[PDB]
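Examination of the molecular architecture
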Amino acid sequence: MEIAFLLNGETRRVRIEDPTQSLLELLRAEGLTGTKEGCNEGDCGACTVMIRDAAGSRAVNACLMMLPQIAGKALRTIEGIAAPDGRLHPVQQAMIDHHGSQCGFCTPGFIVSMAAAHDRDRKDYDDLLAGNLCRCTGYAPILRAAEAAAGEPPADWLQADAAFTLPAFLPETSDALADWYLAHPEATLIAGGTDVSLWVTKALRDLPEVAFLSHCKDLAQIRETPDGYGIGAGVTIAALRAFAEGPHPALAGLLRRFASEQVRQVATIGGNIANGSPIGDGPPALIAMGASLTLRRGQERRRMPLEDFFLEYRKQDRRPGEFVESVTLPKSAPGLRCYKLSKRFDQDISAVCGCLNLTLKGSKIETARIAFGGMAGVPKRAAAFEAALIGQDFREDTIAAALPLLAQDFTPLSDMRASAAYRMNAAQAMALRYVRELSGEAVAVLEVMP
Amino acid sequence: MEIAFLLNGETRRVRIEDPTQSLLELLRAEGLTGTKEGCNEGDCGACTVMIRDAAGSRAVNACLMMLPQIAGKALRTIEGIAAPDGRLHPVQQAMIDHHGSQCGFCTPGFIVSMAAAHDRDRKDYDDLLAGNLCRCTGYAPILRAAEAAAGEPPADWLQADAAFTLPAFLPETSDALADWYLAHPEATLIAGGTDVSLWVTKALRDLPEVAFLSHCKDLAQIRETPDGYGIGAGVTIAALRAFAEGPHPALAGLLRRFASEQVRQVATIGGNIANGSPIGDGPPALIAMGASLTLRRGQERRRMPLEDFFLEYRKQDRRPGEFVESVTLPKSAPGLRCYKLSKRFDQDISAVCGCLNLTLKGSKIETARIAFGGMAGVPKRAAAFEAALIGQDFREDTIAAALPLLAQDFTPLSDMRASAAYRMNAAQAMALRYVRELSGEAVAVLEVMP
Amino acid sequence: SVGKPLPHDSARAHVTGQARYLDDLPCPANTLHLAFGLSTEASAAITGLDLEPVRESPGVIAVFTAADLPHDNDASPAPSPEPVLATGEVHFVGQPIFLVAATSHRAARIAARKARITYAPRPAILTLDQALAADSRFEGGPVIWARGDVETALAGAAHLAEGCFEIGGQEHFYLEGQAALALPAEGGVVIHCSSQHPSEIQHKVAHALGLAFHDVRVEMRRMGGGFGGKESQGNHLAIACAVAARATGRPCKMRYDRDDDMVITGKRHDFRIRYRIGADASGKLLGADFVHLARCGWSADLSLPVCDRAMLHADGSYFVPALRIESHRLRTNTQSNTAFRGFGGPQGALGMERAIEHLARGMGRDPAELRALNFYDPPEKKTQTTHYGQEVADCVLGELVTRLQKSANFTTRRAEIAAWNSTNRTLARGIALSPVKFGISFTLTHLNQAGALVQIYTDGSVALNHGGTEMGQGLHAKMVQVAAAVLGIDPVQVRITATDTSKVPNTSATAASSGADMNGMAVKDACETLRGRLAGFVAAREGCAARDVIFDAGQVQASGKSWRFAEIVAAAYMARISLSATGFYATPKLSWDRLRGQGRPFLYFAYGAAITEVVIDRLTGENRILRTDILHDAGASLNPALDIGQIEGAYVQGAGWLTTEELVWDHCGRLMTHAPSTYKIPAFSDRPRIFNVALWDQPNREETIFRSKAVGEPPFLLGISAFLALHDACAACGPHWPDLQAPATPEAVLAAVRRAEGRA
Amino acid sequence: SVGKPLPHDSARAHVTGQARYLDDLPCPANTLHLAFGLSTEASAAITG
Amino acid sequence: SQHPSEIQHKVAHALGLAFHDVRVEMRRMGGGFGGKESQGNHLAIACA
Amino acid sequence: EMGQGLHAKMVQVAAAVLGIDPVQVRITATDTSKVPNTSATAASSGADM
Amino acid sequence: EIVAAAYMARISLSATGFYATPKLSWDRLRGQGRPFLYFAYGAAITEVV
Ligand SMILES: Cc1cc2nc3c(=O)[nH]c(=O)nc-3n(C[C@H](O)[C@H](O)[C@H](O)COP(=O)(O)OP(=O)(O)OC[C@H]3O[C@@H](n4cnc5c(N)ncnc54)[C@H](O)[C@@H]3O)c2cc1C
Ligand SMILES: Cc1cc2nc3c(=O)[nH]c(=O)nc-3n(C[C@H](O)[C@H](O)[C@H](O)COP(=O)(O)OP(=O)(O)OC[C@H]3O[C@@H](n4cnc5c(N)ncnc54)[C@H](O)[C@@H]3O)c2cc1C
Ligand SMILES: Nc1nc2c(c(=O)[nH]1)N[C@H]1C(S)=C(S)[C@@H](COP(=O)(O)O)O[C@H]1N2
Ligand SMILES: Nc1nc2c(c(=O)[nH]1)N[C@H]1C(S)=C(S)[C@@H](COP(=O)(O)O)O[C@H]1N2
Ligand code: MOS
Ligand code: MOS
Ligand code: FES
Ligand code: FES
Ligand code: FES
Ligand code: FES
Ligand SMILES: [Ca+2]
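Our subject in this report is the structure included herewith. (Residues numbered from 1 in each chain as written, not as in the entry; some residues may be left out. Chains lettered and ligands numbered in written order. Part of a larger assembly, values for the part shown. Heavy atoms only, no water. Residues with missing side-chain atoms left out of burial classes, pairs and counts.)

1. Digging into the sheet that holds strand β2 (residues 44-50) of chain C
All names here are of chain C. The following threshold applies: When DSSP finds at least two bridges between two strands, those strands are taken to pair. Strands are runs of DSSP state E lasting at least two residues, helices are runs of H or I lasting at least four, and both sets are numbered from the N terminus onward.
Within the open sheet, the three strands sit side by side as β4-β2-β6. Their pairing is antiparallel. The open sheet terminates on both sides in strands that have one partner only, identified here as β4 (89-90) and β6 (116-121). Bridge count between β2 and β6: six bridges; the pairing is antiparallel. Note on β6: the bridge partner recorded for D50 is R116.

2. Let's talk about the site of ligand 2
Residue and element names in this part refer to chain B. The test is simple: A molecule or strand has a residue near it when one of that residue's heavy atoms lies within 4 Å. Polar contacts, as used here, are pairs of N or O atoms within 3.5 Å; protein pairs need one atom able to donate a hydrogen and one able to accept it. Residues neighboring in sequence count only if both atoms are side-chain atoms. Residue burial considers only the protein chains on display, and all accessible areas are found by Shrake-Rupley using a 1.4 Å probe. Here the term charged refers only to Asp, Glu, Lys and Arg, the term nonpolar to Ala, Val, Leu, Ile, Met, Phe, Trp, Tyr, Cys and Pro, and the term polar to all other amino acids, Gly among them.
Around ligand 2, the structure places 30 residues, and the nearest of them are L189, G193, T194, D195 and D281. Between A259 and ligand 2, the recorded distance is 3.0 Å, taken from a backbone N or O atom to an oxygen atom. Contact between ligand 2 and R318: a nitrogen atom at 3.2 Å from a side-chain N or O atom of the residue. Starting from 970 Å² of accessible surface for ligand 2 in isolation, the protein chains cover 92%. If you tally residues by element for the shell around ligand 2, the top one is helix α12 (residues 269-275), at four residues. Taken together, the residues of the shell around ligand 2 sort by class into 13 nonpolar, ten polar and seven charged.

3. Details of the nonpolar core
Test applied: Take the buried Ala, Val, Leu, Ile, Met, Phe, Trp, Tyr and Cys residues and link them wherever side-chain atoms come within 4.5 Å; each set so joined is a nonpolar core. A 1.4 Å probe rolled over the protein chains alone gives each residue an accessible area, and that area as a share of the maximum for its type sets the label: buried under 20%, exposed over 50%, partly exposed in between. The contact criterion used is simple: two residues touch if any of their non-hydrogen atoms lie within 4.5 Å.
Membership of the largest hydrophobic core comes to 103 residues, with the highest contact counts inside it found for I277(C) and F290(C). In this view, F290(C) contacts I273(C), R274(C), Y275(C), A314(C), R324(C), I325(C), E326(C), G351(C), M352(C) and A355(C); residues no more than four positions away in its chain are not counted. Among the nonpolar cores identified, the runner-up in size contains 88 residues, and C44(B), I96(B), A146(B) and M254(C) belong to it.

4. Focus on the site of ligand 4
The environment of ligand 4 is made up of 17 residues, and the closest members are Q102(A), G32(E), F33(E), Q4(F) and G46(F). The local environment of ligand 4 is shared, drawing residues from chains A, E and F. Measuring from an oxygen atom of ligand 4, one finds a backbone N or O atom of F33(E) at 2.8 Å. When isolated, ligand 4 has an accessible area of 530 Å², and the protein chains bury 79% of it.

5. Digging into the pairing of strand β14 (residues 285-297) of chain C
All names here are of chain C. β14 sits mainly inside the fold: twelve of its 13 residues count as buried. Pairing of strand β13 (residues 271-279) with β14, which is carried by nine bridges, proceeds in the antiparallel orientation. Note on β14: the bridge partner recorded for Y275 is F290. In this sheet, strand β15 (residues 323-331) lies alongside β14 in parallel orientation, the contact comprising nine bridges. The partner of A288 across the bridge, within β15, is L323.

6. Looking at the coordination of the calcium ion (ligand 11)
All names here are of chain C. Operational definition: Metal coordination here is assigned from N, O and S atoms located within 2.8 Å of the ion, or within 3.2 Å for Na, K and Ca; omission of water means that sites may look incomplete.
The coordination sphere of the calcium ion (ligand 11), as far as protein atoms go, consists of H172 (ND1), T265 (OG1) and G266 (O), spread over 2.8 to 3.0 Å. Ordering the donors of the calcium ion (ligand 11) by residue number gives the pattern H-x92-T-G. Note that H172 is positioned in the loop between β8 (159-167) and β9 (179-185) and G266 in the loop between α8 (258-264) and β13, a separation of 94 residues in sequence. For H172, a relative accessible area of 1% translates into the label buried.

7. Let's talk about the packing of aromatic side chains
Short version of the rule: Ring pairs shown here join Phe, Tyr and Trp side chains whose ring centres sit within 6.5 Å, with only the six-membered ring taken for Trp; geometry is labelled stacked below 30 degrees between planes, edge-to-face above 60, and tilted in between. Two conditions define a charge located above a ring, namely a distance within 6 Å from the ring centre to NZ of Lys or CZ of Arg, and an angle within 35 degrees of the ring normal.
Per the counting criterion, the structure on display carries 26 aromatic pairs over all chains. Judged by centre distance (5.6 Å) and plane angle (40 degrees), the ring pair of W657(C) and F716(C) falls under tilted. One end of the pair, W657(C), is in helix α17 (residues 640-658); the other, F716(C), is in the loop between β29 (690-696) and α18 (720-730), and 59 residues separate them in sequence. Residue class for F716(C) comes out buried when judged on its relative accessible area of 1%. Geometry around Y339(B) places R433(B) over its ring, the cationic atom sitting 5.3 Å from the centre. Above the plane of the ring of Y21(C) lies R222(C), whose end atom (NZ or CZ) is 5.8 Å from the centre.

8. Concerning helix α5 (residues 140-150) of chain A
Each α-helix winds once per 3.6 residues, and so residues spaced three or four apart point in a common direction. Residues and elements named next belong to chain A. The condition that has to hold: The arc in question is the one traced by the directions running from the helix axis out to the C-beta atoms.
The complete set of buried residues in α5 reads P141, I142, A145, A146 and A149. Take α5 and look down its axis: the buried residues cluster within an arc of 145 degrees, on one side only. Residues of α5 that are buried sit in contact with α2 (90-97), α3 (107-119) and α4 (125-129).

9. Some words on the interface of chain B and chain C
Here is the rule: Here the quantity called buried area is the total loss of accessible area, with a 1.4 Å probe, experienced by two parts when brought into contact, counted for both. A pair is scored as a salt bridge if a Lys or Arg side-chain nitrogen falls within 4 Å of a carboxyl oxygen belonging to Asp or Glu.
Taken residue by residue, the interface counts 78 residues in chain B and 82 residues in chain C. Each partner contributes to the roughly 6,800 Å² buried at the junction of chain B and chain C, and carbon and sulfur atoms together form 57% of this total. Counting across the interface, chain B meets chain C through 15 salt bridges. The shortest N-O distance in the salt bridge between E37(B) and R255(C) comes to 2.6 Å. At the surface where chain B touches chain C, the tally comes to 37 residue pairs in polar contact. Counting only elements with at least two residues in the side of chain B that touches chain C, the list comes to α2 (90-98), α3 (107-119), α4 (125-129), α5 (140-150), α8 (197-201), β14 (337-341) and α17 (420-438) of chain B. With six residues, α17(B) is the single largest residue contributor to the side of chain B that touches chain C. Looking at the side of chain B that touches chain C residue by residue, the class counts come to 39 nonpolar, 17 polar and 22 charged.

10. Thoughts on the sheet that holds β14(C)
All names here are of chain C. Stated precisely, the cut-off is as follows: Only C-alpha atoms enter the line fits that serve as axes; for helices the fit covers just the stretch in contact. Angles between N-to-C directions range over 0 to 180 degrees.
Pairing in this open sheet of five strands is mixed, and the strands run β7-β15-β14-β13-β8 from one edge to the other. At either end of the open sheet lies a strand with only one pairing partner, and these are β7 (143-147) and β8. Here the average twist between neighbouring strands, direction ignored, is 10 degrees. Here five bridges tie β7 to β15, and the two strands are oriented antiparallel to one another. Across the sheet, residue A146 finds its bridge partner in β15, namely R324. Contacting β7, β13, β14 and β15, helix α9 (residues 303-313) crosses the sheet at an angle of about 155 degrees to β15.

11. Comments concerning unusual backbone geometry
Cis rather than trans, the peptide bond between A742(C) and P743(C) has omega equal to 5 degrees. Within the secondary structure, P743(C) sits in the loop between α18 and α19 (746-757). With a phi angle near 45 degrees, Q347(A) is a residue other than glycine that sits in the positive phi range. Along the chain, the position of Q347(A) falls in the loop between β14 (337-341) and β15 (352-361). Notably, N8(B) is not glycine yet its phi reads approximately 40 degrees, a positive angle. In this fold, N8(B) is placed in the loop between β1 (2-7) and β2 (10-15).

12. Thoughts on the pattern of salt bridges
The full count for this structure, using the stated rule, is 125 salt bridges over all chains. Residues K36(A) and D24(D) are paired through a salt bridge, measuring 3.1 Å at the closest nitrogen-oxygen approach. Residue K36(A) is found in the loop between α1 (23-29) and β3 (48-53), and its partner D24(D) is found in the segment after α1 (11-15); the two belong to separate chains. Each of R28(B), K36(B), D23(C), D24(C) and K253(C) takes part in a single network of salt bridges with overlapping partners.

Now the structure itself:
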């Protein structure tokens, strides 16, 4: 199987024999030593590389990206960030002038992220570089550098890649997919690859029978529907975030702290749901907003409410040959409010994720959608709490009196992220939070300005 | 095609794709960097290696040796001269003790030569080492080392290889060969390969359609016949030399200065003849002694006197599909005397080679066979000179008066080894030398002792 | 440790095939291999240059031309430039024109042959005669030095000899051929190469890449022979790998194939020498006028210092009241000649030995007494000087030759030979004595410097490093011994490291037999610094004086106690005493003026003498050396075993030069002898059968490292005795002057025999 | 020169990805790679 | 590593060599913070 | 050098003590065969010493 | 030019350098002495929520 892509301006055709090899290894094996390996798990950014295609250009972690994925795209690494004649990119010179590097080892990844941001003129630095760790500089000088280079015409040589292209199964349509999966129930379906690549790089696994969903345009659509929005499984977390900025700011704000921009750019909601991790951040939110999920097997097509998809820790309502095809969201939910609690704000796994949706009949509580991740082997509504809440008045004290029911809805774990006591106490704290916030009170540490 | 051989004690199986590759390159590419490349032409000895099969063990030049030639053999390089446990071979230690090296580069080849000689207890050093050149030491310390090592028990670990093995065509019998060649008249026959490998290393040629004769045991036999000795084409110059020492010392003394021991151990008489060079040393000698040659095509078999095989420079009496199968020598020829003349005595090409055989009827000249190499486009008798000699008395003055007839027999050329005047004058001198020698007088510079 | 006969530092690695030479270094898989495309014209403008077929050749990655050279195109060791790729014209058959880099050494040679070049030929200058007629030369005109008045002296002379004679050049024939490897190293390069002059590689590579010297590092661990052939010819390969490596971004290697090596690189200069020499009635020389014609090739290279050195040795071993030398350095369209063991010395000296032989035959006197009468006077009012005015205060030739003559049984053996020849009509034996006086020190004075860097680690082991390069002469064992003697420890604790310009800077080529003389001093300078520090430290600690701390045999002794060197070193480390030191040395007393031909260009003179016996075959010229006896002065040798080893090898190489080695060019200027099958160095059996070599053991008068003398080049001139001996034999065949020429191949000996015989 | 606010000696090399760290060095094709097998017990005698 | 002389010392001992037969070069680390003052010893020993 | 700028500082000290521009000074890899018996770079003593 | 002339004049252009921090001395076991040459100081004010 042969693929093609542009590499740092040059056309490249490659014989894939192992479809699981990561982009990071192919590269270092070709001598493109400039992309570094700092963790090989998606957290450090040190392997960041820039891809481009019709949707445009973005920065992603080469260690999470297997080869097949870059077919038909343009790829830019740190060695190709400079112009062909050797002129440095405005971001490179700025890093030199402002001392944005010390040991140098995270410098490439920073430069590539920075260059990608510069190419689309994005300026939300804290979010764009969250996923690039630097242990030496304190970050300050890297910010000065980004600021300083922002007033510079974009690199022309980088945009010229736009004009480009104009073993393992690679479906082009949902139909082709459905057909084939149905025949190979046991296959390993790879979308973003952000949870699967850790099976090969860390668990040292080997996966035969593999299919990549990232080339099914029809699986990655956002369709306006009569009664909501239909979100394809292959939609990336980044894209879902962009859409949500309008109709679902709360979910949008949540997705802000979903991994890093680099992972968001390729991870999918379908994947976040199919992985079925009780610490997924997607599920709790969606359940609080009462969305629905759509499975599919050949031409068949079930359709339950999201929360019902999760049976037990590590086990889902999924049939041999069956795959997730989309989820559906209501056109609105102003009651939604999402809370994530971790040791660090950016790029961390939740100790607890709290999603709350309360509808009111003036002062009275009509409906109560309350979801949690990381409180149990599965994401789930807090029934007894929800229940006791109906009909009661929406004041802090009523909520204060129902908290204990949470200790009946869940019995959290203890582990390196947090103690059971803390988890518990935090689920309860999220509830106080919600009233206080809706009642217009200052509650968020991240909104405090110096 | 796959061949097997023992390498420094270990069995090795190799896939041959280029039959023409030399042993010296295969070894250096495998990382056995101890075998050196000093000329790539057979002259320096620096690539010397030791092979061993049922005839026993010998040192040869790896640069002249193609891989197919070692199939079924045991190969020892400098890295394998020491014992497995690190003990140095007596010859190694002696070279340290006597300062037999300075730059080091000729060292391995001298050590391999010396080792092979020790293995068979051979002590004729000047001849065994003629073909290992050293520019640094002046040779004396290497003689001292060989002499001290001779009194040491042979390495046991080298002898143990004796127990071994007990596309490009490799015939096992004269019949198989005859057949195949008849079908591929245009094929390149390779025997010792000492003339052919220079077409590949220096002329940078490429030979498709190739057959190796070294494995037809039946092509390499010396047979006693009713009227002479039959010598197979595949008999090596070293083996011919050994045989001649008894019945044809004059041919034996001649072959002493034929190339070097290393080359002599793999070059064949058949090959020296088929190469058809007017400076070959074999042909003149055999012509003076009146040998005959046997060609062969399928089952057919011609048979002329050797001199009749050579027609013109670069052209022989050889038919499509026909090859050289053997030559026959008289049981005796005590009048033969062979003279070779060059710039250096050892391992040099002749400017002039003169072979003389006169039979006497007491004081009177009965028959006269006189042949020269290098005096013409082809090895040839000196007819006018021979003729004017018959019936005359065998005294120096009669030969003296016939000399000018040689200028009628040959019109020699000038080149870098010698000027025409010199070659003419030397052909003449060979005649004077012959009478003087047979007349009991001192004539050979090589027999004067200090 | 000095004075002991220890083995070469790498004897064990030589003998097991573990020592690496340049092409044995492991390199990355993406390493490119290179080869030059060569001129097929002795002299022509390049008119067209189609490299398309080259680029299309299999495995080729890049091809380069002078236009592609990013900066300097210059490999010359002298002020006048010498391109690395031909710039529009060519000046000899073999000048490199373009440069191919391929994924294998074979692919490169093969592509190198496929270019289509068109030329516009020009008349070529290939012989001395042509060059003289065309006034083709270097230094705009001859160089003449005169002492006294020769014409006057010759006109009034009882005896006189006039004669002319050729002397051929010589090919180095180092067993390992030219080779280099360049590795891009972020910003700069690292070069590994096989060179006697890594600082110059550094210099040249720097200029070719556009870099300051501090961005180019050159390491060189060992050469498989140099003999002078790598004093400068290393420059081309190194420059080409670096430029190729800057262009493709990858490591690049180049090694020459013997044929190319011989076609592209230089050789000892061949000479024509015209002389007139006269003497007293008693035998004392009166004067000698010499004219030297030297064929230098198409570019200056090292011709200047080579020719000067010939001039400096035109006196041979003899005091000459009047003497003149006119030296022409002629440019011709052939290989650019260069350094070779002896560096001009032997031509100059051979000049005088021939002359004095001729003179002797002329007066029917035995050559040996004539010579013995005219050697400089022994040492110990007014000391004799050379014709360049340097006092000769150390000549022991008199004492030395007498001692050689007797141990060698000369007189008796001369008689046995006469008798023997008188009974033989086909063979003839010859025997001759020749002396040597060879000055030591480079003649471009500022080259006489050397440095070193020594380190002591806390376990007591030592790492020594100096500027000289090892090419088989034993430099690295000698330096180890010096270091072990000065620091008071056993040699085994001292390890040599690769020559490296980033460790000792600005070194001179290892040559001029000055390698051990100067680096030994530098090494001693560094060890004494260290030992000073250590004594200072033991003294203060044990309260006594430093001069009473004693280092010997691995032990340290003071105030009645004693410790192992390692304990002292560990204690110095804890007391915070630096254990690292550099060392430097500049030879004193030198000063001279080239143009005037006056001063002291040498610190001292090495001496020796050889008696050689040979036999020749009056019918064909065939011949060989039966016996050689040598007595050579290596001062108090630092290592007699390595010294005897240099003397034997140099003897064989000098005789090689004047017997079987012959270079030949054809009418178009192509080298016809360009492989070992047609250029013949001495083979194993050409070794003398009886070979006696002894050392004259007397300390140097000058303050040289342990009072030793250089023994690398001087002894090569002892081979002259072999040629003188072949001449003795020819002379024994008739009454006429044999006029034997060099190289005395069998054809040449025969021609001489016949002149002697009067047969034309 | 002391006292001036000059960039790190390897700024440009850092920023273009030319700077080499240990795992970037070129090495021969025959180079091996190593990895340790680790104890799964905090405290124990090894028995097999 | 932050401490090449110790690497030298420990490799030498692991190999039975005097210090002068082991050379350690190190051009830059991507970060140390004290973590490479010594834990470099294991890898080097193992490679040697 | 581990990112702390040691090499640039030594470049500055040398160019200041020799009287020349820093650009003429090039830093070479730390190497126990050039400076021996060193201590760890640590205790914040890299540049002082 | 100064350096080229020094070269021609044969003056070594290579040098080692060494430094041992002075005034130090102390006893670990008794916990007394001068183990440091000097102290570095600073201060920070941080505000958080
Ligand atoms: C550094 C880092 C930070 C992260 N941070 C977060 C975070 O903060 N919050 C969070 O919730 N997660 C986080 N994750 C994990 C998160 O699930 C994944 O990043 C992602 O959402 C899964 O998307 P994907 O397409 O890459 O899943 P994939 O890796 O492609 O795998 C999906 C899993 O489900 C299967 N699958 C994929 N698509 C389908 C389909 N449509 N139908 C059926 N099965 C399918 C796959 O076979 C696999 O089992 C993080 C991961 C990393 C690397
Ligand atoms: C260093 C050196 C020194 C040498 N010195 C001498 C020397 O002193 N004197 C001298 O005379 N030669 C000398 N040679 C060459 C001499 O001919 C060869 O070295 C040898 O005799 C040829 O033998 P071969 O078996 O190796 O022939 P090959 O190289 O194997 O082949 C020679 C030619 O014969 C053809 N051929 C081989 N066998 C047959 C067959 N039976 N029938 C028909 N065609 C056949 C081959 O096709 C090829 O055309 C020297 C070579 C070298 C390298
Ligand atoms: N073994 C060996 N000896 C050799 C050479 C060589 O290449 N190999 N070169 C000669 C030349 S040309 C010189 S100039 C001296 C160098 O000796 P030195 O370093 O001790 O001065 O080596 C002489 N002896
Ligand atoms: N950028 C960066 N800075 C750093 C480190 C590092 O690993 N990276 N290590 C620290 C430690 S632990 C010390 S001890 C000092 C060492 O600096 P120095 O050489 O100037 O003493 O740098 C500090 N600063
Ligand atoms: O002959 Mo030595 O001067 S290189
Ligand atoms: O922690 Mo710094 O002493 S290495
Ligand atoms: S190596 Fe750290 S994110 Fe890829
Ligand atoms: S500079 Fe060291 S990690 Fe960023
Ligand atoms: S390399 Fe010279 S004989 Fe083989
Ligand atoms: S030792 Fe140098 S070639 Fe023989
Ligand atoms: Ca040469």
